[PDB]
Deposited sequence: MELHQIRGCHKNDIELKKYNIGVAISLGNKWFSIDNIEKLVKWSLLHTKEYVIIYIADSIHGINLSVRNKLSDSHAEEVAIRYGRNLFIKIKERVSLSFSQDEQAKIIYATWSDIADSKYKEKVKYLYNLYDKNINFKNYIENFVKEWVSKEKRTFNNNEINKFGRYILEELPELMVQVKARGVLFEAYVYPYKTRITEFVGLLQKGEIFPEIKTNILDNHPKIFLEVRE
């Protein structure tokens, strides 16, 4: 498990341990075994400025929020398994560095304003809508299962709920994490890169981004 590639800072910034580090779990993504999650947490604990923040980054009716429904249906059980593994593999003083951040811990008033900006843009701007929708379609085209165009549209909205967390530096339980680790570059991480640079949908950068962009750390075996 090692750093393969870096967006948002230089390699030295990491070795100087400048930043707190989030571990961004894609729940239901088959790479995110408990074993692989534990190895990302191990790596992040050895490179972090202080804290490691574990959270659910994406999900690819008991709540109005899809991320919240995923948090209560599946995220809580995942977090319990992770904690158990951690308490058996790490020392007490290492365990004190780890923060388990639920959707609620991240989606505060300021965060939700950003999501709401994106929802309104999804509704008023048909170029944005179609870009997000074609976005869902390409990933589903890699799946055997099929989806109707109303499901495609609903999945797009779900992406918008997590987009600010990938784009901007947010706090979990009061702790800023400037960087996050993820094992591979994806179409979503490339999209966020352009968004942060104002090279796609520049209105988004104007309206919800803050000149402190989320650093992406590509970490895999």
remark   = No C-alpha coords for deposited residues 61 to 69
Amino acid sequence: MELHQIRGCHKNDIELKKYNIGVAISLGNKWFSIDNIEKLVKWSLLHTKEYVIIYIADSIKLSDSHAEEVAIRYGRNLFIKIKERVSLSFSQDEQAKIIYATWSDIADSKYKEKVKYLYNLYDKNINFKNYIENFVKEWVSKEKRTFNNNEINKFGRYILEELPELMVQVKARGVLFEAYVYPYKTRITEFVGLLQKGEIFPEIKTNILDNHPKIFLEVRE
From here on, numbers count along this sequence of modelled residues.
message = Regarding 178 to 186 and 148 to 156, which shows the higher C-alpha temperature factor on average in the entry?
response = 148 to 156
note = Entry B factor averaged over C-alpha atoms, 193 to 201 against 10 to 18: higher for 10 to 18
message = Maximum C-alpha temperature factor per the entry, among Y100, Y119, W103, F135, belongs to which one?
response = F135
request  = Report the third (lowest, middle or highest) to which the CA temperature factor of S59 belongs, ranking only the modelled residues of the same chain.
outcome  = highest
query = Based on the entry's values, in what third of the chain does the Cα temperature factor of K42 lie: lowest, middle or highest?
reply = lowest
inquiry  = Can you tell me whether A67 has a C-alpha B-factor in the lowest, middle or highest third compared with the other modelled residues of the same chain?
reply    = middle
inquiry  = Which third, lowest, middle or highest, does the C-alpha temperature factor of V86 belong to within its own chain?
reply    = middle
remark   = The third of the chain into which the C-alpha temperature factor of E165 falls is the middle
